[PDB]
Amino acid sequence: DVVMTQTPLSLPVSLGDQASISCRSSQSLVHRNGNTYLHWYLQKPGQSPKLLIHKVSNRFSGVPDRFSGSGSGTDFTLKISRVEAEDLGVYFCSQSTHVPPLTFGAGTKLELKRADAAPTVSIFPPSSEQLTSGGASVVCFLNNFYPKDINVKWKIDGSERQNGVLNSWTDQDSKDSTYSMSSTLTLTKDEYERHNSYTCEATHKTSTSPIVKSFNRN
Amino acid sequence: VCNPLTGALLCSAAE
Amino acid sequence: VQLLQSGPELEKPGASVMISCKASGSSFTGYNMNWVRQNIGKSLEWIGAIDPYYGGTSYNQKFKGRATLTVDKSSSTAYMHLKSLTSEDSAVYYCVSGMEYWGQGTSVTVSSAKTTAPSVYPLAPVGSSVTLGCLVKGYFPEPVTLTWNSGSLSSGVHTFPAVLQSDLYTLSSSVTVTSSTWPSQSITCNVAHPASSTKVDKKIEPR
Ligand SMILES: [Cl-]
């Protein structure tokens, strides 16, 4: 199959800035018939994809002319001359030269730029309600941070626990353009009571050292 | 059937 | 040109699913109906396409013999059947007319899970602001709704997408308020899971 390599995975922009998204195919998309079936779609949040550019450089019905596409052979680029708010979302290239199957790039998320912000880290012990049923979940919120990339570890009595972790992440905040993350570590009550120190440890651009919040079970 | 985006998909003529 | 797809599907491993796509606007028999699915991760994978004037099909070999596409011309409706389901098949499935216009998607969840009510747990602490939360653990299927103080607390909230793990979903939500507001005032999460008849208010009490 043709593999479509998209770069970058994530493209932070300020409104009004230029944006360029590149797609490189694993072989030429020039068909023996002389056409290049390389198309671009945008999927806005909570929406289905919509066609923007077809056959490399043709804008689809209704598409604003800030969108343009160019390229040839194995390399293609979508450009937005001046980004508008409605343009944020996930862009995908797709090929239909070598079919079946049609194939797609992984997607490039156009997101908003803002000032770096350290996460607000909050850690929570199990509730007494959960403990009565024999379970014990520890939760860490890492909130309102920028940029998006973050990594979290749980450390119990100074040792990492990897099993039993459930992580989730919000899309970019509609008011402040930050990101947030929740991490839940689930143990049995017996395992929880076997240890005293619980630590949620993050790495983020905003600190060269780890960012930690801890509690003692008591 | 021949559709412009999809080339030879279900379209012998486009080969 | 509008493509209306059928609602969410839940199946056990090894079972089949059948999804529909009702087309309106343009000529039904003028466009091949393509099908594409969107995995967790947002990647897209083309499944196949059908000509509706006479019914010929083309498949991505990955689905050949597992997927079946059909149409009903008398109702401008296309169907996708997929059998021998596994969790790899949990995805949002789109119909797409000539690769030009997309349906709204149909969620397919493949899981061994029976409907299960969440357990709703408060998140209270063990600065200028204080963050509280609620943990909505071990339910099936989606969706859940969560509010704080019956929707009166809207700013400062982060309600995380649910995650399926070990065949049950967990969700959480944080709310941040000024430190002068709690514990003095009341903060309650309101959780509904209609599939299980669940309607729970969990007041967050200081520990
Ligand atoms: Cl080849």
Side-chain angles (χ1 to χ4, degrees), chain A residues 7-8 10-19 21 45 83 85 88-90 106-108 110-112 114-125 137-156 158-160 162 165-174 176-185 197-216, chain C residues 41 123-125 127 129-133 135 154-161 163 171-179 181-182:
Chain A
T7 57
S10 178
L11 182 54
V13 302
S14 304
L15 293 181
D17 288 349
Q18 225 166 271
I21 299 182
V83 176
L88 301 177
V90 185
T108 298
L110 191 74
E111 321 191 65
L112 220 43
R114 63 150 288 143
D116 287 2
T120 296
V121 187
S122 309
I123 192 170
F124 304 87
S137 291
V138 193
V139 176
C140 189
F141 298 127
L142 306 92
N143 287 349
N144 300 81
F145 62 85
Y146 191 87
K148 77 181 315 183
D149 292 344
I150 196 166
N151 201 85
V152 174
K153 290 180 176 296
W154 278 101
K155 292 174 174 198
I156 301 180
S159 195
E160 190 170 357
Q162 304 190 325
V165 181
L166 187 145
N167 289 335
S168 185
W169 306 260
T170 55
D171 289 343
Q172 192 164 39
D173 189 80
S174 66
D176 73 359
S177 305
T178 64
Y179 294 88
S180 294
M181 176 184 178
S182 175
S183 186
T184 302
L185 174 73
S197 170
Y198 291 84
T199 298
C200 171
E201 183 198 77
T203 62
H204 190 252
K205 176 169 176 208
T206 52
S207 182
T208 39
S209 299
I211 302 163
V212 294
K213 275 296 234 297
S214 308
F215 73 86
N216 177 1
Chain C
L123 303 172
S129 77
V130 64
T131 296
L132 298 182
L135 180 62
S154 51
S155 280
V157 172
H158 299 291
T159 291
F160 295 85
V163 178
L171 171 148
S172 56
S173 182
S174 67
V175 58
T176 298
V177 295
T178 71
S179 180
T181 302
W182 188 94

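Letters A, B, ... mirror the listed sequences (proteins, then strands); counts begin at 1.
- With salt bridges taken as basic N to acidic carboxylate O contacts below 4.0 Å, none links A:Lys153 and A:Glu201.
- A pairwise comparison of heavy atoms in C:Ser172 and A:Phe141 identifies OG-CE2, 3.8 Å as the closest pair.
- Within the 3.5 Å criterion, the main-chain N or O of A:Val121 finds a donor-acceptor partner in the side chain of A:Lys213.
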> Would A:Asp149 and A:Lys205 satisfy salt bridge (charged side-chain N to carboxylate O under 4.0 Å, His left out), going step by step from the backbone distance to the final call?
Replying inline: CA-CA 8 Å; A:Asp149 292 344; A:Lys205 176 169 176 208; over 6 Å; no
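- For the residue pair A:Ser180 and C:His158, a side-chain donor N or O sits within less than 3.5 Å of a side-chain acceptor on the partner.
- The distance from the OG1 atom of A:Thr120 to the CG atom of A:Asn144 is 6.0 Å, given to the nearest 0.5 Å.
- Closest non-hydrogen pair, A:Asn143 versus A:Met181, comes out as OD1-O, 3.9 Å.
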> Could you go step by step and tell me if A:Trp154 and A:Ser183 meet the side chain to side chain donor-acceptor pair (under 3.5 Å) rule?
Replying inline: CA-CA 9 Å; A:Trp154 278 101; A:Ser183 186; 2.8 Å; yes
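- Scanning all heavy atoms of the two residues, the minimum distance from A:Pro45 to A:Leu88 falls at CD-O, 3.7 Å.
- Partners of C:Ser173 by side chain to side chain contact (heavy atoms under 4.5 Å, CB included), not counting sequence neighbours, listed by chain and number: C:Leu146, C:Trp148, C:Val157, C:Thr159.
- Across all non-hydrogen atoms, the minimal contact from A:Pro147 to A:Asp116 is CD-OD1, 3.6 Å.
- Taking each heavy atom of A:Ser137 and C:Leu135 in turn, the nearest pair found is CB-CD2, 3.8 Å.
- The backbone N or O of A:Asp173 lies less than 3.5 Å from no partner atom in the side chain of A:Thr178, so there is not a single donor-acceptor pair.
- The two residues A:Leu11 and A:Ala19 come nearest to each other via the heavy atoms CD2-CB, 3.9 Å.
- A centroid separation of less than 6.0 Å is found between the aromatic rings of A:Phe145 and A:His204.
- Aromatic ring centres of A:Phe215 and A:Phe124 lie farther apart than the 6.0 Å criterion allows.
- Between C:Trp182 and the choices C:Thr131, C:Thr176, C:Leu132, the side-chain contact (heavy atoms from CB on, under 4.5 Å) rule is met once, by C:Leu132.
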